[PDB]
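Colleague: Pasting an experimental structure with its sequence.
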6 protein chains.
Amino acid sequence: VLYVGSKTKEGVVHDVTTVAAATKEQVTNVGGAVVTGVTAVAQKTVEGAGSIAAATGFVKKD
Amino acid sequence: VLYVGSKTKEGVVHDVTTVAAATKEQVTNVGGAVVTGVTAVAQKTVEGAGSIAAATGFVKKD
Amino acid sequence: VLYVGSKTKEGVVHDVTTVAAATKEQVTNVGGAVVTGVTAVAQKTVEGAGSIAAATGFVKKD
Amino acid sequence: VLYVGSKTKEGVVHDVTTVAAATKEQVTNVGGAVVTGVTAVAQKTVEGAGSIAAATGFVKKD
Amino acid sequence: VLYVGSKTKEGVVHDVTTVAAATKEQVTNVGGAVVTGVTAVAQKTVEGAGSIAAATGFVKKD
Amino acid sequence: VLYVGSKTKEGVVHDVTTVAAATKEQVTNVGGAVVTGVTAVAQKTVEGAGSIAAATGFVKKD
């Protein structure tokens, strides 16, 4: 292996923009999850049994 | 293997734009999940039994 | 292995922008989670059984 | 005017590649010009009388 | 005018690659110019009479 | 005018790579110019009469 003048990108997020304006919002939540905003996860490795990687608004009522 | 002047991208998200405006919103949630916003997951590897990678608004009522 | 004049990026988030304006918001939460803001996770490795890496608004009612 | 999450490119050159190999070359030059290599000019504005912008192998024997 | 999360590029050169190999070369030059290598010019503005912007191997025998 | 989370690039050169190998070269020069190597000019403004901006291997035998 050998890289010359190169570039690598494994697991990236970029140039995420968000322009809200004049935003009203009501959220009545009970017990569950509410997610009303920008999100971004950047991981290289996740291993192992039962793994729950990069959840969002997760509810596990086992 | 050898890369010269190259570029790699494994598992990426980019140039995500979002222009809301004059947005009213009501959300009455009970028990379950609600997801009302931009999202982006960037992973390279996920392994193992039972794995639940990059969920969103997940509800596991086992 | 050998890199010359190169660049690597494993598990990164960048150039995350967020322009709110004139934002009203009410959130009545009981028991569950509410996430109403920008987020970003940057990890290289996560291992092991049962692992729950990079949750958000997680609720585990086991 | 207003740009959101945009990109502009005025007068650009990019991704110029060149793979020579086992190249012999003789060049006997007298008085004139010889150009035997990759070239690229990037300008936004050039004005004025008599202007000679981005010449290559130019010979002006006025 | 107003840019949000944007990008501009006026007069740029990039990602110029050059891979020579096993290259013999003889150049016998007298009086004139010889240019046997990668080149790149990046300007935004050039004004005025008689201007000679970004020449290469130029010979002005006025 | 106003930029938010933005990026500008006026007159730039970047990511210039050059991989020579096993290169023999003879250059017998008399009076004129010889240019056998990578080059890059980065200017924002050049003004005025008679201007000669970013020459290379120039020979002015007026």
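Modeller: All right, it came through fine. Numbering: from 1, shown residues only, chains lettered A, B, ... in the order given.

Colleague: and the helix or strand where residue A:27 lies, C-alpha only, in PDB?
Modeller: Assigned by DSSP states H and E, residue A:27 falls within strand A:26-30. Output in PDB follows, covering the C-alpha atoms of strand A:26-30 (Å, rounded to 0.1, in the frame of the first residue of the first chain):
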ATOM      1  CA  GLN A  26     -45.300  22.900  20.000                       C
ATOM      2  CA  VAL A  27     -44.500  19.400  21.100                       C
ATOM      3  CA  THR A  28     -46.400  17.600  23.800                       C
ATOM      4  CA  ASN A  29     -44.500  14.300  24.400                       C
ATOM      5  CA  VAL A  30     -45.200  11.600  26.900                       C
END
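
Colleague: That one packs against which elements?
Modeller: Applying 3 or more C-beta pairs under 8 Å, 6 or more residues apart in numbering or on different chains; DSSP states H and E, one finds that strand A:26-30 contacts strand B:26-30, strand C:26-30. (Each C-beta comes from the backbone N, C-alpha and C, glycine too.)

Colleague: export these to a markdown table and tack on mean neighbour count and distance to residue A:14?
Modeller: As requested, the helices and strands packed on strand A:26-30 are exported to a markdown table (neighbours: other C-beta atoms under 10 Å in any protein chain shown; distance: least, C-beta to C-beta, whole Å):
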| stretch | mean neighbour count | distance to residue A:14 |
| --- | --- | --- |
| strand B:26-30 | 13 | 29 |
| strand C:26-30 | 12 | 29 |
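
Colleague: so can I have CSV of those strands showing distance to residue B:54?
Modeller: Formatted as CSV, the helices and strands packed on strand A:26-30 follow (distance: least, C-beta to C-beta, whole Å):
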stretch, distance to residue B:54
strand B:26-30, 21
strand C:26-30, 25
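
Colleague: on that earlier part again, report the strands that pair with the strand holding residue A:27, each with its relative direction.
Modeller: Using DSSP bridges, strand A:26-30 pairs in its sheet with strand B:26-30 (parallel), strand C:26-30 (parallel).

Colleague: So in that sheet, which strands flank the helix or strand that that strand is followed by, and in what orientation?
Modeller: Next helix or strand after strand A:26-30 toward the C-terminus (DSSP H and E): strand A:34-35. Applying DSSP bridges, strand A:34-35 is found paired with strand B:34-35 (parallel), strand C:34-35 (parallel).

Colleague: Now tabulate these in JSON lines and tack on mean neighbour count and distance to residue E:48.
Modeller: Output for the strands paired with strand A:34-35, formatted as JSON lines (neighbours: other C-beta under 10 Å; distance: least, C-beta to C-beta, whole Å):
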{"stretch": "strand B:34-35", "mean neighbour count": "18", "distance to residue E:48": "59"}
{"stretch": "strand C:34-35", "mean neighbour count": "20", "distance to residue E:48": "58"}
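
Colleague: all strands for chain A, in order.
Modeller: For chain A, applying DSSP state E gives strands covering A:3-4, A:10-14, A:26-30, A:34-35, A:41-43, A:45-46, A:59-60.

Colleague: list the contacts for residue A:46?
Modeller: The contact partners of residue A:46, by C-beta atoms under 8 Å, 6 or more residues apart in numbering or on different chains, come to A:53, A:54, B:43, B:45, B:46, B:47, B:51, B:53, C:46, C:47, C:51, C:53.

Colleague: Now do the same contact list for residue A:32.
Modeller: Applying C-beta under 8 Å, 6+ apart, the residues near residue A:32 are A:57, A:59, B:29, B:30, B:31, B:32, B:33, B:34, B:59, C:32, C:59.

Colleague: what residues are up against the residue of chain A found nearest chain B?
Modeller: Nearest residue of chain A to chain B (C-beta to the nearest C-beta) works out as residue A:57 at 4.0 Å. The contact partners of residue A:57, by C-beta under 8 Å, 6+ apart, come to A:32-35, B:33-35, B:56-58, C:33, C:35, C:56-57.

Colleague: repeat for residue A:42
Modeller: Here residue A:42 is in contact with A:11, A:12, A:13, B:42, C:11, C:12, C:13, C:40, C:41, C:42, C:43 (C-beta under 8 Å, 6+ apart).

Colleague: just the residues you listed now: which is nearest residue B:19?
Modeller: residue A:13 (18.6 Å; C-beta to C-beta).

Colleague: From residue A:28, how far off is the nearest residue to that closest one once chain neighbours are set aside?
Modeller: Nearest in space to residue A:13, with sequence neighbours left out and distances taken as C-beta to C-beta, 6 or more residues apart in numbering or on different chains, is residue A:40 at 4.1 Å. Using C-beta to C-beta, to the nearest Å, one obtains 27 Å as the distance from residue A:40 to residue A:28.

Colleague: Kindly state the beta-bridge partners for residue A:42.
Modeller: Beta-bridge partners for residue A:42, by DSSP bridges, are residue B:42, residue C:42.
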